[PDB]
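Enquirer: First to last, the protein sequences are chains W, F, 1, M, 7 and w. For the first sequence, the entry's author numbering begins at 2 and goes up steadily by one. For the second sequence, the entry's author numbering begins at 1 and goes up steadily by one. For the third sequence, the entry's author numbering begins at 3 and goes up steadily by one. For the fourth sequence, the entry's author numbering begins at 1 and goes up steadily by one. For the fifth sequence, the entry's author numbering begins at 81 and goes up steadily by one. For the sixth sequence, the entry's author numbering begins at 1 and goes up steadily by one.
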Amino acid sequence: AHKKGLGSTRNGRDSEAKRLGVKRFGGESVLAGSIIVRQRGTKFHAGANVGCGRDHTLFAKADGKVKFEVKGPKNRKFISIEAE
Amino acid sequence: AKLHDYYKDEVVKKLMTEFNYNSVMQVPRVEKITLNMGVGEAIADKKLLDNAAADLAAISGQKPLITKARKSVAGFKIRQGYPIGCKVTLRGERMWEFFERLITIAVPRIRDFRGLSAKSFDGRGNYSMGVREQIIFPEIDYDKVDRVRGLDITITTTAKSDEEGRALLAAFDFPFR
Amino acid sequence: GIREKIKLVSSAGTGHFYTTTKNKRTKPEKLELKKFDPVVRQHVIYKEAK
Amino acid sequence: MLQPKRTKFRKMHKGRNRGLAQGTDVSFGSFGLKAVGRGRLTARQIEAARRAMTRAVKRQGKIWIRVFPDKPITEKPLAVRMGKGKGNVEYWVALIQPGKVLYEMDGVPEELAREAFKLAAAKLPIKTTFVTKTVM
Amino acid sequence: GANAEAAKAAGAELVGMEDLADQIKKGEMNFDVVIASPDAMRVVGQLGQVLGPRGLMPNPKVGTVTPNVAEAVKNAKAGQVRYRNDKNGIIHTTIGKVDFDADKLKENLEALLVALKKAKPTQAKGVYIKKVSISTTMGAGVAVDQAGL
Amino acid sequence: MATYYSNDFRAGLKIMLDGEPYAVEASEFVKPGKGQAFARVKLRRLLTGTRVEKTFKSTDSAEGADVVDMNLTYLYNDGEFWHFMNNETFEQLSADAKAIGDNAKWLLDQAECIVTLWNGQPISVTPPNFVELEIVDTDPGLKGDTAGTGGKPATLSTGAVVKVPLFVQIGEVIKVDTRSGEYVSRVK
RNA sequence: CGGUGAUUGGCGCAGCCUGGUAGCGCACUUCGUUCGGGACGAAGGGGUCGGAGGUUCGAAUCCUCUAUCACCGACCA
RNA sequence: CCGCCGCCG
RNA sequence: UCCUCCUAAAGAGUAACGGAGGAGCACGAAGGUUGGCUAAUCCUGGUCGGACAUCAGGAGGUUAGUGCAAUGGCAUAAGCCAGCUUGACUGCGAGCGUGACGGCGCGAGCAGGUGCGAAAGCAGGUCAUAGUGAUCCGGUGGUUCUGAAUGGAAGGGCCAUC
RNA sequence: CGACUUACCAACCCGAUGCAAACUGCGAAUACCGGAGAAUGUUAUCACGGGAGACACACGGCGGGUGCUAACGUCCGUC
Numbered sequence: 002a003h004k005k006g007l008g009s010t011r012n013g014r015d016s017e018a019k020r021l022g023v024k025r026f027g028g029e030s031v032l033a034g035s036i037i038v039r040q041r042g043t044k045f046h047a048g049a050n051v052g053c054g055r056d057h058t059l060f061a062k063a064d065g066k067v068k069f070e071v072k073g074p075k076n077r078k079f080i081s082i083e084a085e
Numbered sequence: 001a002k003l004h005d006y007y008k009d010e011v012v013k014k015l016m017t018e019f020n021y022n023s024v025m026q027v028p029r030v031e032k033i034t035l036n037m038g039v040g041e042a043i044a045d046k047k048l049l050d051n052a053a054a055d056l057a058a059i060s061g062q063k064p065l066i067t068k069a070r071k072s073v074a075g076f077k078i079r080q081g082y083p084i085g086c087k088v089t090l091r092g093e094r095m096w097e098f099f100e101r102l103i104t105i106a107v108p109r110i111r112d113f114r115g116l117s118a119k120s121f122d123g124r125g126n127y128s129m130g131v132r133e134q135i136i137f138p139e140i141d142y143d144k145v146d147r148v149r150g151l152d153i154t155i156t157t158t159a160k161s162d163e164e165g166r167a168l169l170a171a172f173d174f175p176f177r
Numbered sequence: 003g004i005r006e007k008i009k010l011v012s013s014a015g016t017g018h019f020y021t022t023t024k025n026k027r028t029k030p031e032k033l034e035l036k037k038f039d040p041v042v043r044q045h046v047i048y049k050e051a052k
Numbered sequence: 001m002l003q004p005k006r007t008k009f010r011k012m013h014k015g016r017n018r019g020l021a022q023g024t025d026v027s028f029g030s031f032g033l034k035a036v037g038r039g040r041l042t043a044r045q046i047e048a049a050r051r052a053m054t055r056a057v058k059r060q061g062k063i064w065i066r067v068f069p070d071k072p073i074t075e076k077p078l079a080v081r082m083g084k085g086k087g088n089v090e091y092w093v094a095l096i097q098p099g100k101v102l103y104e105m106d107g108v109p110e111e112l113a114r115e116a117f118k119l120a121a122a123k124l125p126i127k128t129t130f131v132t133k134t135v136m
Numbered sequence: 081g082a083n084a085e086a087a088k089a090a091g092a093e094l095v096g097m098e099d100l101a102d103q104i105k106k107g108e109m110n111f112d113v114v115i116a117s118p119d120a121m122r123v124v125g126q127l128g129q130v131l132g133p134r135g136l137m138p139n140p141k142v143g144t145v146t147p148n149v150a151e152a153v154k155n156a157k158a159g160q161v162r163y164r165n166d167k168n169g170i171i172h173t174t175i176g177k178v179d180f181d182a183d184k185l186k187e188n189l190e191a192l193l194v195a196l197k198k199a200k201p202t203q204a205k206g207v208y209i210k211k212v213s214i215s216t217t218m219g220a221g222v223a224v225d226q227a228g229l
Numbered sequence: 001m002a003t004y005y006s007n008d009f010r011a012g013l014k015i016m017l018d019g020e021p022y023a024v025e026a027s028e029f030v031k032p033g034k035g036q037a038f039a040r041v042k043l044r045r046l047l048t049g050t051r052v053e054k055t056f057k058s059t060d061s062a063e064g065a066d067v068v069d070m071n072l073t074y075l076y077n078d079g080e081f082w083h084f085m086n087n088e089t090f091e092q093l094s095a096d097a098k099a100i101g102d103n104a105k106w107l108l109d110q111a112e113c114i115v116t117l118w119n120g121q122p123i124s125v126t127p128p129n130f131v132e133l134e135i136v137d138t139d140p141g142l143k144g145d146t147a148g149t150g151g152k153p154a155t156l157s158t159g160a161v162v163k164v165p166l167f168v169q170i171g172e173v174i175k176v177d178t179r180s181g182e183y184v185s186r187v188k
């Protein structure tokens with residue numbers, strides 16, 4: 002049986018997936034220091050009692066419930082904590 | 001300061017009746033006079049610009065600000081942030097003094113003089129002329145210069161049209177070719 | 003590859019040292035930064051070495 | 001063959017042909033050719049149905065083409081095993097949903113247009129039908 | 081540019097451009113050291129070619145002859161910097177200071193010329209680093225020193 | 001530290017083996033049925049440097065260092081050793097008589113010559129295509145009989161010798177070529 | 001079928017590696033030399049890199065797509 | 001030293 | 001091997017010799033902080049001056065820029081400039097995120113010690129994700145921590161690090 | 001130094017018409033995470049400790065890559 006030659010493929014490279022996204026959802030009681038949202042850019046901005054790490058990682062700065070807002074003139078999403 | 005007091009009560013009364021203004025803040029006054037020197041050929045030496053920047057120290061009464069390049073093109077072999085020109089912006093007290101020295105003892109010294117074109121308006125009322133020598137200004141000693149390249153003078157006013165600003169310069173007699 | 007490493011020797015009596023990278027073929031002079039010392043607990047100016 | 005110029009990428013996925021069409025009504029011309037069967041039309045099939053239709057409307061008039069392929073189809077060469085990458089671009093198809101008007105025409109009688117789309121429907125793999133430009 | 085008027089505050093007399101290349105063509109020995117900066121390196125490298133270096137006037141990134149720090153070059157280099165030149169043999173003669181200076185400091189200046197010459201261990205040295213080190217005054221004294229102490 | 005198997009270096013990629021470091025000029029690739037592939041790599045010597053011919057198989061690799069070739073500027077002569085000069089970083093360099101052999105006559109001053117830089121400092125010096133030179137030891141050439149082409153020998157100021165035509169006798173600067181070493185024209 | 005390195009002035013070849021410049025040898029044009037021609041001397045012209053698209057301040061160079069033409073050849077049954 | 005030939009009646 | 005997007009089916013994860021691109025760095029300013037600023041490209045007018053130098057005005061709207069691919073992101077600007085500087089600092093770190101694990105990533109705040117700002121405050125690198133490899137062995141510096149009878153040192157240990 | 005004539009191609013806009021995994025000014029159904037309550041289920045939950053097996057899967061429905069919208073083909077998700 003005859004067998005012709007076969008080409009090559011330049012593609013075939015992908016990364017380890019970084020597990021980005023929302024970790025704690027809304028109305029969920031968290032401890033202080035818990036990561037809420039891992040994200041590349043600030044899809045979600047930091048609201049009240051929520052900080053912003055160097056990785057744009059929104060982390061909780063107090064205990065209480067995760068709250069999502071649509072605040073601001075630029076209609077952007079903030080994340081706050083009502084202190085419980 | 002001579003033709004600044006001439007503007008206050010002779011030129012305003014000339015202009016309040018020709019275009020039916022209803023307030024004294026409606027008349028256009030000249031805001032600034034900007035002197036660019038687009039040297040251009042400073043790609044060879046830096047001291048050609050320093051000779052050219054010293055040429056504005058005699059025409060104006062202050063030091064020019066050199067301008068870095070905005071973009072970088074291929075037709076002129078320039079780069080980003082290069083001193084391709086130097087500018088003089090003069091306003092306040094000496095802008096009446098430079099306009100005193102221009103139209104009286106610098107404009108009639110232009111070689112092959114016929115007059116100034118009234119087509120040099122952008123529709124806003126900001127006149128811009130172009131001079132072609134350094135030897136029309138009395139401060140240049142005719143020996144320190146080594147280039148025919150001159151400069152341009154932009155007279156920026158606070159008008160809205162060309163006819164609104166043509167009668168503004170008409171009181172200073174502005175030779176009007 | 004190009005950017006080699008240096009050793010910031012403390013000019014005080016201690017033997018503590020920071021290390022960092024400096025491109026020698028661009029700015030060939032030494033670094034005289036001023037950081038914290040965990041031994042003397044002073045703010046001693048550090049000097050460049052190998 | 002109606003072929004695009006400097007596309008975004010050379011090759012794309014296969015893609016399903018679900019959903020209905022969007023170009024339901026005839027807008028420009030007086031009469032149209034509405035498709036009923038769910039298939040696809042290669043870039044030769046639009047140009048072959050235009051040669052057998054521009055003649056029978058004798059050349060004065062105006063003919064529209066309401067579709068454009070802009071979808072590459074790959075094809076492996078002769079006697080090539082599976083795998084080893086994606087094939088080469090050969091032709092361009094248009095995913096024709098049911099309810100899509102293919103051609104339009106203005107400046108012809110109804111008898112001449114009826115014997116024109118009949119001479120172009122046989123050049124197409126999909127089942128088409130004759131319609132009329134409805135008001136509003 | 082501005083460094084032609086900012087290096088004058090460091091103590092240099094004749095600061096400029098290719099007008100100083102006419103002084104090179106005349107062979108003026110009023111200058112001994114040449115210091116430039118990497119924008120007028122097209123002057124010495126194209127006009128002072130032969131006369132600059134059996135002239136031996138230096139313009140190196142090997143040495144610190146041409147930095148872009150031309151304001152703060154000659155605040156100490158015009159004062160106290162003595163330049164190390166090569167010879168065909170083993171010898172590297174330098175210059176000591178005025179006789180009536182602090183002689184305790186000069187013996188540490190000779191001791192801190194050891195750390196400068198051992199700062200480059202060219203890494204292809206032979207048996208010794210320093211064999212004979214003698215500091216003479218001008219033409220009379222002979223003082224044999226040691227390489228270790 | 002780099003690695004280059006026989007499917008990698010193809011043209012203008014230096015290799016290092018024992019040494020001296022060589023250079024690939026041109027090569028072919030044969031992938032024959034039953035057996036291992038090879039490559040008729042026509043190498044080029046760099047130091048002496050005439051030629052070497054090897055037929056590398058699929059194994060093995062070779063160290064690639066150094067590659068660096070760049071424009072220099074000759075300006076200095078003293079005893080034996082020579083020097084050059086950069087225009088992109090302005091760094092000094094030292095040359096030897098080993099790097100100048102059968103080339104030291106043509107380059108005179110401020111020439112745009114190139115060298116090959118490898119581990120301190122050169123390997124060889126390549127003179128430019130055209131240099132201007134002057135004859136000082138040349139007879140006052142008569143016309144003669146002469147019935148044809150010729151053409152008198154001229155001893156050059158650098159110690160070389162070229163064949164010049166009749167109209168240049170004493171102190172006439174001329175430009176020639178350095179590939180073959182013949183007269184082409186006179187600068188005016 | 002695959003893979004790899006080329007195409008640069010009429011022609012043959014550089015330069016690419018490591019980006020700011022397009023050459024060299026003939027051929028060709030004019031003059032001198034000869035009674036004239038060839039050859040030899042003097043002066044000079046000639047293309048802007050197969051085509052297209054990227055990268056970049058800037059591309060003959062660095063990448064990609066086809067077009068064209070050579071060399072490696074279609075292995076175990 | 002070098003210096004080739006000069007269309008066919 | 002690592003990074004961006006799609007395939008991946010609206011949390012995450014998800015394969016193929018599936019479609020596409022990049023990385024094996026750079027920087028002592030391009031970091032920290034304070035203060036100030038807002039583009040691209042066309043249009044008009046204007047010495048040399050032209051499709052494109054700089055100047056003046058408007059339309060226009062972030063289609064610009066971000067040391068470097070790609071998505072996400074940013075006007076309070078992370079985009080640009082300047083003054084002053086080294087927080088690119090030591091010992092920790094409640095907590096969780098992600099991995100079979102080795103590991104990786106975020107971290108309020110405390111203690112000591114600085115920087116800038118009048119002050120509130122911010123800074124344990126750079127807008128973020130690529131710029132990197134486990135151990136063994138071996139080398140340099142420090143620290144009586146051990147040190148084969150004792151007193152030392154050698155060699156080991158800890159820490160910084162090649 | 002002045003250019004007029006001008007069956008021919010054509011940008012930015014206006015109006016209409018389509019297309020797209022690597023387009024998004026809109027946007028479900030399900031799935032997913034978090035709380036409360038009712039009924040039900042042999043704690044089906046999680047944390048440890050002992051001992052394994054297994055890491056060649058296959059077919060069909062749905063959603064796809066690839067292949068010729070070929071295969072009882074191949075590669076994933078979910079049942």
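Note that the Cβ used here is the ideal one computed from N, Cα and C, for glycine as well.
In the segment 101–172 of chain w, which residue ranges form an unbroken beta strand (DSSP E) of at least 3 residues, counting only runs that do not cross its ends?
Expert: 114–117, 122–126, 130–137, 152–156, 161–164
Enquirer: Is residue 41 (chain F) helix, strand or coil by DSSP?
Expert: coil
Enquirer: For residue 64 (chain W), which of helix, strand or coil comes out of DSSP?
Expert: Here residue 64 (chain W) carries a coil assignment [DSSP, helix/strand/coil].
Enquirer: Residue 104 (chain F) to residue 109 (chain 7), Cα distance in whole Å?
Expert: 55 Å
Enquirer: Distance cutoff 9 Å, beta carbons only. Does residue 112 (chain F) sit that close to anything in chain 7?
Expert: no
Enquirer: Could you pull the start and end residues of the alpha helix (DSSP H) that residue 53 (chain w) belongs to?
Expert: It is not in any alpha helix (DSSP H) - residue 53 (chain w) instead sits in the beta strand (DSSP E) that spans 52–57.
Enquirer: When the cut-off is 9 Å and only beta carbons count, does residue 89 (chain M) lie next to chain W?
Expert: no
Enquirer: Using a Cβ distance threshold of 8 Å, determine whether the segment 106–117 of chain M contacts the segment 8–16 of chain M, with at least three qualifying pairs required.
Expert: no
Enquirer: Which parts of the segment 72–112 of chain F are runs of the beta strand (DSSP E), unbroken and 3 residues or longer, counting only runs that do not cross its ends?
Expert: 85–90
Enquirer: With residue 54 (chain M) as the anchor, note down where its alpha helix (DSSP H) starts and where it stops.
Expert: 43–54
Enquirer: Measuring alpha carbon to alpha carbon, tell me which residue in 9 (chain w), 151 (chain w), 146 (chain w), 19 (chain w) is nearest residue 59 (chain w).
Expert: 9 (chain w)
Enquirer: Using a threshold of 9 Å, state whether the C-beta atoms of residue 34 (chain F) and residue 90 (chain F) are closer than that.
Expert: yes
Enquirer: Would you mind giving the Cβ-Cβ distance between residue 52 (chain W) and residue 60 (chain W), rounded to the nearest angstrom? I have them listed as a contact below 8 Å.
Expert: 5 Å
Enquirer: According to DSSP, simplified to helix, strand and coil, what is residue 70 (chain F)?
Expert: coil
Enquirer: Any beta carbon of chain M sitting closer than 9 Å to that of residue 76 (chain W)?
Expert: no
Enquirer: Taking 9 Å as the threshold (beta carbon to beta carbon), is residue 66 (chain w) in contact with chain 7?
Expert: no
Enquirer: Just confirm the distance between the C-beta atoms of residue 56 (chain F) and residue 83 (chain F), as a whole number of angstroms; I'd bet it's less than 8 Å.
Expert: Actually they do not touch by this definition, with Cβ atoms about 14 Å apart.
Enquirer: Report the neighbours of residue 80 (chain M) on chain W: residues whose CB is nearer than 8 Å to its CB, in chain order.
Expert: 5, 7
Enquirer: Do we get a CB-CB distance below 9 Å when we pair residue 106 (chain 7) with the residues of chain 1?
Expert: no
Enquirer: Which residue from 69 (chain F), 68 (chain F), 53 (chain F), 70 (chain F) puts its Cα closest to that of residue 62 (chain F)?
Expert: 53 (chain F)
Enquirer: To the nearest angstrom, report how far apart residue 29 (chain w) and residue 13 (chain W) are at their CA atoms.
Expert: Rounded to whole angstroms, the gap between the alpha carbons of residue 29 (chain w) and residue 13 (chain W) is 27 Å.
Enquirer: Does residue 139 (chain 7) pass the burial test, meaning 16 or more other C-beta atoms within 10 Å, or should it be called exposed?
Expert: Label assigned to residue 139 (chain 7): buried.
Enquirer: From the DSSP output, in three-state form, read off residue 177 (chain w) for me.
Expert: strand
Enquirer: Within the continuous beta strand (DSSP E) that includes residue 29 (chain 1), where are the two ends?
Expert: No beta strand (DSSP E) contains residue 29 (chain 1), which DSSP labels as neither H nor E.
Enquirer: Would the segment 170–180 of chain w and the segment 124–139 of chain w be scored as touching if the rule is three or more Cβ pairs under 8 Å?
Expert: yes
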